[PDB]
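Comments concern the structure below.
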Amino acid sequence: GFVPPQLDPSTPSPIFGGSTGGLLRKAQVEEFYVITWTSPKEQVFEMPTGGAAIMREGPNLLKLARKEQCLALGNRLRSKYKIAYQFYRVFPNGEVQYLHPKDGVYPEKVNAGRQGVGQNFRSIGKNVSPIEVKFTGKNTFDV
Amino acid sequence: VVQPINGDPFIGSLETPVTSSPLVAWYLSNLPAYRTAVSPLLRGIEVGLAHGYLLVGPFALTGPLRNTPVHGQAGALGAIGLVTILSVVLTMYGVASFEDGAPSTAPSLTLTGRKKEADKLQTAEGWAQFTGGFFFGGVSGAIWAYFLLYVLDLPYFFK
Amino acid sequence: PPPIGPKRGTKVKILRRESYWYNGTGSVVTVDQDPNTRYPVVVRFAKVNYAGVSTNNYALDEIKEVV
Amino acid sequence: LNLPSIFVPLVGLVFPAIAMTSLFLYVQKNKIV
Amino acid sequence: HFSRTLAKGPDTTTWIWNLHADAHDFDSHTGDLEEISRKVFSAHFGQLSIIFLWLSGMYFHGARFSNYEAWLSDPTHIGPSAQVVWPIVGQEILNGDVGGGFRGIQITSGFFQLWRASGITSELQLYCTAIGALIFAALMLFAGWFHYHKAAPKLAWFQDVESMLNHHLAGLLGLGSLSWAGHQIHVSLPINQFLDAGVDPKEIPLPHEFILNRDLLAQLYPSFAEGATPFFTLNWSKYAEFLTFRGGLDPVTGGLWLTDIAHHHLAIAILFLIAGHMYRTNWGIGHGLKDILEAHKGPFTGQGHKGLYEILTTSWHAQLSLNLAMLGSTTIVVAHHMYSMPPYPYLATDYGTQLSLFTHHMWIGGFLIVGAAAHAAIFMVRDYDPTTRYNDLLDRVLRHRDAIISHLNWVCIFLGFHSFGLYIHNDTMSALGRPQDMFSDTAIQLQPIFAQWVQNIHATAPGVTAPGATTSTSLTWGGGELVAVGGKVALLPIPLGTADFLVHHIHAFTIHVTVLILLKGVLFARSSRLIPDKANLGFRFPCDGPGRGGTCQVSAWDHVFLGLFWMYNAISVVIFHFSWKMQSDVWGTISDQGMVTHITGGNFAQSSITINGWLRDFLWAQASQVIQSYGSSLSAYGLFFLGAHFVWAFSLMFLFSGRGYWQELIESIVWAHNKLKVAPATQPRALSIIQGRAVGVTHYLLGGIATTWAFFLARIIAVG
Amino acid sequence: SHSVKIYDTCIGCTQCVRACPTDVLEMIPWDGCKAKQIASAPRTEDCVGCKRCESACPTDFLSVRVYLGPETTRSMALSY
Amino acid sequence: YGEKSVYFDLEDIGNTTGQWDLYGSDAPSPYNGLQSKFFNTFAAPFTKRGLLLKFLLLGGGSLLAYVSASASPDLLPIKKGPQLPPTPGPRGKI
Amino acid sequence: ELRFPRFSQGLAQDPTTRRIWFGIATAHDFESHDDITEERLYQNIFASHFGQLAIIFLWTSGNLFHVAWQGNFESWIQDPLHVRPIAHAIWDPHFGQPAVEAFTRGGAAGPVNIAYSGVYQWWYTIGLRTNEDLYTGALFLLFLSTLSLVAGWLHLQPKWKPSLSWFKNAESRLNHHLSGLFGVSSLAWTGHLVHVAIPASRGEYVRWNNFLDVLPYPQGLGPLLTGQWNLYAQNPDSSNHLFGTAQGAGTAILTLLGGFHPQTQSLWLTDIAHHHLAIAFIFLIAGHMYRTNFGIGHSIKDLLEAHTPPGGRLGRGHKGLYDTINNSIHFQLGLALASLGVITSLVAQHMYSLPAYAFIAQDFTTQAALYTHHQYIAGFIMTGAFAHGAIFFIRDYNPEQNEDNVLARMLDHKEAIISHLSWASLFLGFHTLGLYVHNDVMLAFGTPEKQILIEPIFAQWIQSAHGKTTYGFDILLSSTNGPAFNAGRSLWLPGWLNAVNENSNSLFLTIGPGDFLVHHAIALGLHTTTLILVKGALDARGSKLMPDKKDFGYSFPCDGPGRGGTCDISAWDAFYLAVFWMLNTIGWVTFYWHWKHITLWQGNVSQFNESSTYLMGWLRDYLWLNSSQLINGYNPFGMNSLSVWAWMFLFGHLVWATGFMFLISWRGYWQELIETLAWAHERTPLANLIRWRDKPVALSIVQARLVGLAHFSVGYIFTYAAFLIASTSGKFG
Ligand code: SF4
Ligand code: SF4
């Protein structure tokens, strides 16, 4: 199968002067995110929080406040540069949840072993009227 | 002279002369709110004294009765009423924010990473003691300002 | 075995309620012969829908041959 | 006794204060069952 | 453009709108900088041709359908008119009695005063100018065709900013100022002196005679008898007769002294000729703009201004944004300085012209500033690239944009409270019968002491800090001098009190809010905490869906959309302030005994400190002229007043609603047309979200501005 | 959290998966269409409700549907 | 954390998330002993939040009502009442 | 059930300020609450209705008590035409002394407000005479409010909770509400008029302590039993009767006079008593139609199933409608709201032209206020009816159980209905606006004789047929000889003809071209508002743009920027759009009413007749001309009693303008700003010790539409109320 990579906490971060668009109390109390990648050389890139940074040669680790920021930066890395990346979610107690790419293959590429979730085997016009689910606690699309 | 806060480029803050000057650090650390190891009651006393003392002037000099031989009493009474409202609102914030017996929500790390005792202000009992000190000090400061202005009648530029 | 569905170029009428071309007329392009294909009939229309598309896939019982 | 001089402050100032305090404390409660 | 736009949307009407919306977005058509530059050059030639045609029209209408010759003989009691209407369906009532045996529409453009200042005395000269302008328009059109389809310049030619600055500073402005100074010295000065001497305009000598006969010009200024000898002998004092430093106003015509203007333009020409030799082009002398920019470093780590030359050399939009900001500010300054120091003869006592010019140039300036914001945001979205053209200062600004916007937000809230809340306080105190508690001159006073100090300094300046000046630069500063022309006040000292303090802080509030909107649009055009990849969505997009709580109007374009409304608010308040203050404290009639009666009798000081005062004494009282105009020559103003209210109301349908409703309704209408076999060939669609917003804001601004236009013109023509 | 559903009219074009800004969707094997794959939505706890996926879908009517639901910190896209 | 340009450490999340006390001081009490004793003695009964809220609300309302009911007519115009004959109404209305 | 709101876990788990707002907004939508059942829904509705009754009783009790305690009812009784009634006293510590002087009116010892609700005339007409009567009424209504609260609590306990079958009993409820709620109440009110109010109109004071010892008629019940009913009409009050006294008083208790009381300018009390007697008996007859449990009576279901044409184009007819009505509460609410809105408009139209309260016709400010108030309420109710109809179509309609009946066919040809309504609106708008603009252009060029002035000949013919002789026509009831005229010649013509031929009143006012133009404008408003609401209702389940709309509910923001963009596509958004048109239509109606009446009252009807045919006439001669006294309510030279209305005028303009901000700017801008504010707060020393517990977010899209509409409506109403009251009362009191 696929063994998710382990997060190495001794990975250097890009050279950056700091900004007002970084982490806030949510990272302290709720959660934050970490994106890691490997760069062939040292080069300038655009931060998703504003301003420009310099990625070092070798491994790079970056802390961000939302998953959407991680995916935006990862798409920029994959499209503009040619760099493989992966990101995780980090909780206040220190536990780490590997997030993306979930099984080592990008979601847009079909892969065996994935279980379907939220599939209705009918056309969208076959959903029932709301009156048929009144007082039942269900949704007309939840089948 | 502008650096990331505590050397961390990816925390949403910066170090500037406004934020990190040694004079600014000393002044902020010597205010009652940042005396983390001192009793909340005495810090509340100081804060209440200061604010109640300063609140007398606006009410006394700008109110509807400013041109009446009872303007000073009206200003002092208005300051006391505002202090009462602020004390009620402080009690409301304390009751909503802190449960009884919960540990302090203040940070327990210094700028250099040394662990410290969490500030007892951010607790139910500590906030209640601070609020009591604030109310007592506010009333006392308003009375003291009134006594200086309209009892002894000391020479002031405007009174 | 004979192929399923109408022939290429056949004029058909759409019976799918939520289709943009419901009760309209389209032309058959091709029919998928795989038994597992749930919507094998490919239909092309003269007018685009709100998304700018002018072709769609339908089942055998969602179309009616008209002359 | 001038009743308006007593009731107008109570209905305009004191009662709104008590109602707002109670509603704030009610909507801030983390456990209401 | 036509082929691709048609191919994108051939089956639906939407393409038609796109065909017009993206006509001049050259950067979207091609990516080659050289072709874009060539298109810009040709389009500029087209704009110049249109402007020349407009000038030709103005001069020809002055020559053919005007009472300029009659007005020249009696400026004070004759109204300028240069538009006449045909007698159809009864519209000939618009040809009102303006004076001097002429019936037409009275104009407020100030062209008669400009032509008088230029020395034009006959219709033939106006005809000649119109013909020359038509020739210049044709030449501009031919040059526009030639420099694109035949002789397009290369990219390296356009990027020669040193040469462009040298030519535009020393050649365009310096030589233009010098040549106009020559005209003023040799043509306008003697003609205007003869006119002020009460000479029949048809008996005044022709201008060329003043060139071919020195004796004629020496009778007015003896120094001309010595010719050019004093100039070469450095004895310039001899030219003190026609090159003066008086200050103030000419008591006969109510404008600035012409000799002061000639001396000013000579000095300006010299200054620009000096400034035009700064940059190095081809001879190894002069500065380099890149070197100057790279030579200004700073203690904040690396040098900041390094790299700006590359950005400003390879982006049309950045140049357009900066130039728009500067030109709009210049227009606003022009409005202020032209009202306070009237440069044309008989301009000060023509109240309608003064009001019109001030208001018009204020509107132009405001629109230009908003355009500057829009094209700055476009540069951020399209041309910003840190990996190729990096600049330090822009990076630092982007790294503390949050702090910038938060501080600006706070200052806007503070200004709003401590300015508008004072008016609300005054209204509440007045309604409650407590005038002694208001913020007024006869109550709690808020005096603008710094402005009064500046006024006093500028009033006492002559003889101490400006020994060579006879009087101050303006009669508004003070000094106790009133200038009256034909029984009407031109200018006099303008007092400043509590109401002025309040209204000035109102202006500061509105400007800071408009800046907040536009600058927020610029600094977050590429990304935000809410939308990390906003740059990929583009400059002009309606939203990114109802998720994240809802994301309507996040694009920089929508920031321009809102900034337009706030600019309209601010400028409207500015022009209302001007109108009321001038009518109340400056304009009026002076009797033979020196008694001054102002148009509204000095009610500004006490009435303008409450909102009800503005509602009653400004809007309600002064709308009387526009609403009672039916049956007179000004009835067109009443009709336009109603029509503009109608257009403004119409805009709210687009602004308040959304396109899904309209598309669903169009479905039923299409069914109805299909049933009768009259179906359109192109499928009808409702307007896009962005187009709906554009239509709404355009009709809102048009309605409001036109309403104010009709109100102002009717009032000032009927009472001033 | 919002709800996301896939209907059997899907032609397996993968455009919705590519358009998602928070990696909610993916592609899994199928035999109901020529492309032999169908979309799936296993990570709706990260869905913000932008509806880019619906904008990308080419079928009539839509084969991916987003139903807005109870709001959370992730769905509201809060960074504070 | 803070070693060779490293800002992430699973063994110290407080440092990694920047949960510091920028200006908090650990110095002892600067106040005089007798002064602190006096203030601890005389401000003690106001330190109970549940009692303080009710006391503040009820006592403040009572004081406000008492002040309003006892205001002098020369200070408060609404207490003084009209001092002039009424103005006539339109078309003879009273 | 963890935290507020307890009825929604989806909201209770929301960590933003949104949780609070929506908690308030969804509190009364019982069907959407967690784990709701039908029985609980009906029981909660019953308890809420008891609460509404309690609030109404408390409101009326307060009005009575404050009039008794601080009013001048007894003095107003003595001098009705010259004394201004007092609503309540003013105690405002922010007042200055001049305000205290200015607001002292009506003989009071201090500042007061003047009432414009008309309660004085109403209570005087129904027999109330002293302050003690008002006090007793106030105490009784307070007791009724307490009883309503007790019953609302009682019918919510397990012992006394009714079952669903009781709630779904239509026949019994209809019989009880027709025979009991309407007929018996009307009979009791007739008893009150005969026993109390009519004697009070003649100097006889009848109360609870002597009403058993005073005969309403001199001969008692003799004429009723013997059948000589006409004896109850032979001696009516004479034309020289003074309303409060016995001078000229008669003895009749039921008559058919018609016309107006010459002194009070209102309807005879005797006619009102006879009318209510007849209506009571009609409702008593009507209340015995349906079978409940006795084996006699009609079945609503059988009647609905029976009416099916054999070959007509109606399909299955009304089959299945009984179940649809009885199972959908929203359908019932829609029908009830439609009926109540129609009734409210009819009340407004009939109370100004046929006043029933003594001396209220002379109180011009009260008449204008009542008409405007009830017309705006009617407009809001009309919008609500269609809103709940669309809600019915979404939540309750089941196609399978409504196959080929009227609802299914109405859904089936919705395009034709929408097209015809659209055509009617386009025709009306084009031609009405064209006529107005043509007249404005003719006035601008100084040729007023070239106006297009079309007479409303149909309405003039109707007025002539009802007896008016202004236009010179010879239609029925205006000719000397005629069958209809002769049949009613002695019945009621002597009073009605005299009433219609006195132009001092508002009974069948003379009309001309301006009336024609403005009536077609009102028609345009009605048709366009109906178009918006009906399109919202019929498209509520889906359309080509969004074929699955029913799965998304009544109210949702949009369906995203795809498929061309889908803003304001829900049925709730259609209601939101229709509120603006309702406000515009009612504004035209009330402008017309007020201008026509204010020109009539000054004795200058030529002003309206000449100026109303072009729009500049409305702008100048109605708004601008009548705003002067209002805007001089306070000025640099002082203030008067109109200052409060001037302040309210400006307040309304401000709230109206504030609504534009929510309506024009949308959410994303504000959310981006709020994030910056959150950073600022977290970074500021001495303030970051304070922490929010609900994360700040910008308002939602639908919430913004609602808040903007609310600010707009409040500003609209307050501005016009200030103008109307100030303009009328400054001239008339
Ligand atoms: S309402 Fe319109 S602009 Fe706003 S998110 Fe929905 S589609 Fe986009
Ligand atoms: S609505 Fe947006 S976040 Fe949710 S699944 Fe679709 S694309 Fe992804």
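Atoms within each ligand, like the ligands themselves, are counted from 1 in listed order. Side chains included, hydrogens not; waters and symmetry mates left out as well; all remaining heavy atoms used. Labels below follow one simple rule: chain letters A, B, ... track the order of the sequence lines, proteins then strands, and each chain is numbered from 1.
Atom 8 (Fe) of ligand 1 has E:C543 SG as its protein N, O or S neighbours under 2.8 Å. Protein N/O/S atoms closer than 2.8 Å to atom 6 (Fe) of ligand 2, listed by chain and residue number, are F:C53 SG.
For F:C57, the side chain to side chain contact (heavy atoms under 4.5 Å, CB included) partners at least two apart in sequence or on another chain are F:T59, F:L62, F:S63, F:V64. Partners of E:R659 by salt bridge (charged side-chain N to carboxylate O under 4.0 Å, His left out), not counting sequence neighbours: none found.
Residue contacts with ligand 1, taken as heavy atom pairs separated by less than 4.0 Å, involve H:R705 solely via side-chain atoms from C-beta onward.
Counting heavy atoms from C-beta on, the side chains of A:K109 and F:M27 never come closer than 4.5 Å. Between E:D25 and E:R540 there is no side-chain heavy-atom pair separated by less than 4.5 Å. Side-chain contact between E:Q663 and H:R563 is absent, with no heavy-atom pair separated by less than 4.5 Å. Within the 4.5 Å cutoff, side-chain heavy atoms of H:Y576 are placed close to those of E:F656. Between E:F524 and E:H559, every side-chain heavy-atom pair lies at or beyond the 4.5 Å cut-off.
Between H:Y554 atom OH and H:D573 atom CG the span is 9.0 Å, to the nearest 0.5 Å.
With respect to F:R74, the side-chain contact (heavy atoms from CB on, under 4.5 Å) criterion is satisfied by exactly one of F:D46, F:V48, F:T22: F:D46.
Residue contacts with ligand 1 do not include E:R548, since none of its heavy atoms lies under 4.0 Å from the ligand.
For A:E108 and A:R78, the salt-bridge test passes: some basic side-chain N is under 4.0 Å from an acidic carboxylate O.
Close approach of ligand 1 to E:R693 is summarised as follows: ligand atoms under 4.0 Å from at least one heavy atom of the residue are 3 (S). Atoms of ligand 2 lying under 4.0 Å from any heavy atom of F:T22, numbered from 1 in the order shown and given with element: 3 (S).
Residues A:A65 and A:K26 approach most closely at O-NZ, 3.1 Å, considering heavy atoms.
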